[PDB]
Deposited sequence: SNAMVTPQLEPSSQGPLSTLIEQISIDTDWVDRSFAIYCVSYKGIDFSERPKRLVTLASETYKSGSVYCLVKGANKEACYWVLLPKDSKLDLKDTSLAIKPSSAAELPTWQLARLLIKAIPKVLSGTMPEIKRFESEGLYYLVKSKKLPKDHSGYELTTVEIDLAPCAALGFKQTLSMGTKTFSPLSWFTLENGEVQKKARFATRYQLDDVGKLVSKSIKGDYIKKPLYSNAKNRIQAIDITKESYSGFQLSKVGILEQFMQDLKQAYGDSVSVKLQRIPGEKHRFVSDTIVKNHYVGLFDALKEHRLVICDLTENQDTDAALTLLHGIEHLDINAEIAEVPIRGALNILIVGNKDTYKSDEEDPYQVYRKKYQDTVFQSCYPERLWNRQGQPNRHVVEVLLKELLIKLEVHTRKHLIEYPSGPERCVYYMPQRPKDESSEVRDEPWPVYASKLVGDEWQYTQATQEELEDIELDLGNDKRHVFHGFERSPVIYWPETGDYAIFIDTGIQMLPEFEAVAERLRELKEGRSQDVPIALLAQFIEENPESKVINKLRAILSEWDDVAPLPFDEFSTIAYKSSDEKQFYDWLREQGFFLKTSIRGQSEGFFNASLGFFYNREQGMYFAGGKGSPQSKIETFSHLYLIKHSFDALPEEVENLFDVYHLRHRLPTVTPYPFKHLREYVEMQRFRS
């Protein structure tokens, strides 16, 4: 059926059951001007919540400025303000997903929305309470896929009200005594705000660190499973949401071998060029340059340190942090960029060269080298390593954001740059106004993606046919097979709860004397009480890796002690939705994940990307644009490499303006 995603395949709601269980009303201001209705929506909802027993309310179509209100079956909406139009409504009148959102908002009371507490942090001294980290569950339309619905699992934090006037006047949320849920209250001494805008609280997408089900329950996906359980608990079969599976056509995996070969190919190309290191900081910590050189040394690349940039060489300019400068005049980086206008060089802050532990950071060095190689390829306008063939006769374009930060930049025309492959050389130019007008006309309804908003995306264009291709982040998240993983983790949890009698271990030693696990089991038993059954924690040193160890653990499973098992094998395929590069030509969706085996703790969901195009069938060469493991450092990318090169070119031209 294919990998799972948060995109909703179907929502099943028994409208008759809802009508038998709840009452629904439609609300909108009566007679008030559309310019003033916003000024009184500030109170409308609060007045509705002050009216009586209102479960929840949901905004409708923006053009209507109306609300759908949910109340118990026997209750009736009564607003003292006569300037409001009110109308009893049946559940069948609402959009299915809007009614689903209303029902979701009502789960906390049936048992602003639904929040699951996942993690709490005690406040510093002189304060009391917790900073609550929760996973919010809510539906949201998918603008990229014709207003299909997605199930969001965003993290959102709560803090005590005690910890400005706006903060004081916010929904005074409250945490449950059980601590399972967080819900709005009048005097609940909680606000939905963290300490800073910094230090953003995050919740793991998946967590199977030690195949621990309890730790799995505290990830976003574990909360999703718990929400699916709570939905049935609250409404049984009357309400259900089915997540859609993306049809699978091609799913390339990425082993460490492929990436390593790609990167040895990459580093070899840089060994043929000269590299220089500079430092323009005031209090010159030359140890930064020494560390950079030593990191480059481990990659066998001829590098040297110079006090000034050298034209024609690959220079790395260690520069002071911009935040310490109030204007561009104080920045040495821009000052030297304005001067050295025709040379490839890269910059980085000194502090980035070491990790939190203080050890040198080699990812920084490798990313610097790869960026230098990409910039050199742009400068020479030729590839220095093998890039798979892209579509023929195509032209790439990339709008560039002006420096103005005013809101009117949203609609302003932008400078547009283009690149093209002729023979072996890459041609880079700024798109002429006639070309941009033709492109805008050809894109039709999709022009808004390239010429409107701050989110202006690059486009592949075919002048000889007018065809185009835009690569859009849909916002849909790809999920592993979390139901099956949860079942396996629960099975392991039940099995590991029972201590193994020594009799079974003695029997295994007797039955398989050739097994080499016995060398370990005899030692373990000798270091244990002959009367007490062994808890699973004693076998932890016996990894489920060798054939004999696998046989031993399988034999224990037959005895009823399910302790260890294979979870991330390709045969199972649980974590396919977060590995390698997945692409579907017919429907033009793709996503990228990790390489090799899934790490036990995955902190993010790979988004599903939608290629919007005019072809009857997308050209095959488009797939080739993603087989590049250095655009995204040592990982499969979701951006075509021509766009990476064009972005680098556009960045270079900034100081030539």
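Which deposited-sequence positions, grouped into ranges, are missing C-alpha coordinates?
Since the structure holds only modelled residues, the stretches it omits are 1-13, 125-136, 189-196.
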